[PDB]
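What follows is a single chain, given as structure tokens, in the form deposited in one PDB entry.
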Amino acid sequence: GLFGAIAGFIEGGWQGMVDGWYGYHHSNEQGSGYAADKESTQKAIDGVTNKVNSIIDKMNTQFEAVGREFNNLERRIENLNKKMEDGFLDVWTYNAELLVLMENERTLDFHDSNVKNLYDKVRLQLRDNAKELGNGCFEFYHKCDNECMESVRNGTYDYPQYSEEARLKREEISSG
């Protein structure tokens, strides 16, 4: 993908996350589980809904072929009528098919972008209070209970609250 997240550094999808397009898997002392990120999922739903409606509404005023008849000595204008109507049908078929191809590429890349941005949202929250394992996961240098996980998910993680405990774990690891 253009943005390197989907089928990229996050190798595959989660069959176990059924209520959303993007989200989190957490693992702490209280247990483990999936939570869809509702905000990014909802922005994506709005985006794609607008895209489909825009595609249908732009194709609203397209050519409507009309039946016309000509006698045996009006062959020039019958042929003109035929190339005119077929010409417009070819134009609108091209527009429809191409718009679908281009917009499909953009939709797939849009999902990819959304996953990358959700990842970066967590990464820029946690900073050095967690270790980036390189596969979409972070390993916390401190204990992160369900309230802490929820704070990361909903964008209210408190880096200074844990920075001391995390710094102590980091120094412990970098000393051996």
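Residue positions are given as counts along the sequence shown, with the first one as 1. Only residues modelled in both forms are compared. Just so we're on the same page, rigid core means the largest C-alpha set that superposes within 1.5 Å between forms.
Enquirer: Which has the higher mean CA temperature factor in the PDB entry, 67 to 75 or 91 to 99?
Expert: So the stretch with the higher mean C-alpha B-factor is 67 to 75.
Enquirer: May I ask you to compare 130 to 138 and 146 to 154 by their mean CA B factor in the entry and name the higher one?
Expert: On average, C-alpha B-factors are higher across 146 to 154.
Enquirer: Out of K121, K38, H111, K58, which shows the largest CA B-factor listed in the entry?
Expert: Reading the PDB entry, the winner on C-alpha B-factor is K58.
Enquirer: Please place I173 in the lowest, middle or highest third of its chain according to the CA B-factor in the PDB entry.
Expert: Highest third - that is where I173 ends up once the chain's C-alpha B-factors are sorted.
Enquirer: Considering only modelled residues of the same chain, in which third does the CA B-factor of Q62 rank: lowest, middle or highest?
Expert: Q62: CA B-factor falls in the highest third of its chain.
Enquirer: Going by the CA temperature factor in the PDB record, which third of the chain does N50 belong to: lowest, middle or highest?
Expert: Its C-alpha B-factor, which the entry lists for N50, ranks in the lowest third among residues of this chain.
Enquirer: By the record's CA B-factor, is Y159 among the lowest, middle or highest third of residues in the chain?
Expert: Tercile = highest for this residue's CA B-factor.
Enquirer: Please place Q42 in the lowest, middle or highest third of its chain according to the CA B-factor in the PDB entry.
Expert: Its C-alpha B-factor belongs to the middle third of this chain's values.
What comes next is about the form deposited in another entry, which is not displayed.
Enquirer: Superposing on the core, which single option in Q42, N117, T49, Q62 has a CA shift of 2 Å or more between this form and the one not shown?
Expert: The one that moves 2 Å or more is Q62.
Enquirer: If you overlay the rigid core, what runs of at least 3 residues show Cα shifts of 2 angstroms or more between this form and the one not shown?
Expert: Run moving 2 Å or more: only 58 to 65.
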